[PDB]
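Quick notes on the structure that follows.
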Amino acid sequence: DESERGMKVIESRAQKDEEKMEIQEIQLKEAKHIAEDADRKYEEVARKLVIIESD
Amino acid sequence: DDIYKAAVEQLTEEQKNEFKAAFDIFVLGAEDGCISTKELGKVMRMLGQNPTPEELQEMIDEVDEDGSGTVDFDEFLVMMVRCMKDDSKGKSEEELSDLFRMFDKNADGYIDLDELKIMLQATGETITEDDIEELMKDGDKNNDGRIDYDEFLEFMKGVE
């Protein structure tokens, strides 16, 4: 029962951890996508800066 | 309005039939015919696009202008052409080369703002002070102040 309760708490916890993990995955991906766009936008302005600097 | 009409005009019969058949997965049956936005990622893949999870979410983020939580059928076609560019034929370089030459009245190898305005006002469509420049800045990828032959071909791919 301790081991079964262990599993119920742990399985639920493992799921909570799976969810927190999924949440960190979603959040890092959103943040990463912000970074993809922040970096993309950076590239657009950095590229434009090069073009504008060249100009 | 007209972007939604145009996406419908640009999809061929063998494609629009798949788009509506797959898009109808958005309603579960015996509901209200809502057609929800969360199902967009699934349909992109059902129709042959191969997006990542970030891309699936971007398609969702770009719809639902009114906060309704749904996607219409014409709205779907507009969102799909911005993801998977299934236009109708999309013409060719030879066809656009001959048409390019018509806007290039002075044979300079590019379309400047005056030619761009004359050709459009000539259609009967009213051209306002900010128009024309808005297209020139779209075709003019190199920021040289005009749309040249190469830029023209990129600019009008998928245009009828």
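To be explicit about the labels: the chains of the structure tokens are called A, B, and onward in the order shown, and within each one the residues are counted from 1, while ligands get numbers from 1 in the order they are shown.
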Close residues, residue 104 of chain B itself excluded, 12 Å, only C-alpha atoms, min 3 positions apart in chain, as JSON, numbers by chain = {"B": [97, 98, 99, 100, 101, 107, 108, 109, 110, 111, 112, 113, 114, 115, 116, 117, 118, 119, 146, 147, 148, 149, 152]}
Write out, as CSV, each residue of chain A that has an atom at most 8 Å from chain B, together with the closest pair of atoms and their distance in Å to one decimal, counting only C-alpha atoms, rows going by chain and rising number.
```
residue,atom,partner,partner_atom,distance
A:29,CA,B:54,CA,7.4
A:30,CA,B:54,CA,7.8
A:33,CA,B:54,CA,7.1
```
Generate the output file for the selected residues, N, CA, C and O atoms, as a PDB file, in the first residue's frame.
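Now in part_23.pdb:
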```pdb
ATOM      1  N   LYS A  29       9.637  27.000 -25.589  1.00  0.00           N
ATOM      2  CA  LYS A  29       9.392  27.068 -27.000  1.00  0.00           C
ATOM      3  C   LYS A  29       8.775  28.388 -27.320  1.00  0.00           C
ATOM      4  O   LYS A  29       9.193  29.012 -28.271  1.00  0.00           O
ATOM      5  N   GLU A  30       7.866  28.893 -26.497  1.00  0.00           N
ATOM      6  CA  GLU A  30       7.302  30.183 -26.794  1.00  0.00           C
ATOM      7  C   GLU A  30       8.391  31.210 -26.714  1.00  0.00           C
ATOM      8  O   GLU A  30       8.503  32.034 -27.610  1.00  0.00           O
ATOM      9  N   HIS A  33      10.567  30.830 -29.562  1.00  0.00           N
ATOM     10  CA  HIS A  33       9.949  31.337 -30.756  1.00  0.00           C
ATOM     11  C   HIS A  33      10.024  32.838 -30.670  1.00  0.00           C
ATOM     12  O   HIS A  33      10.185  33.497 -31.696  1.00  0.00           O
TER      13      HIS A  33
END
```
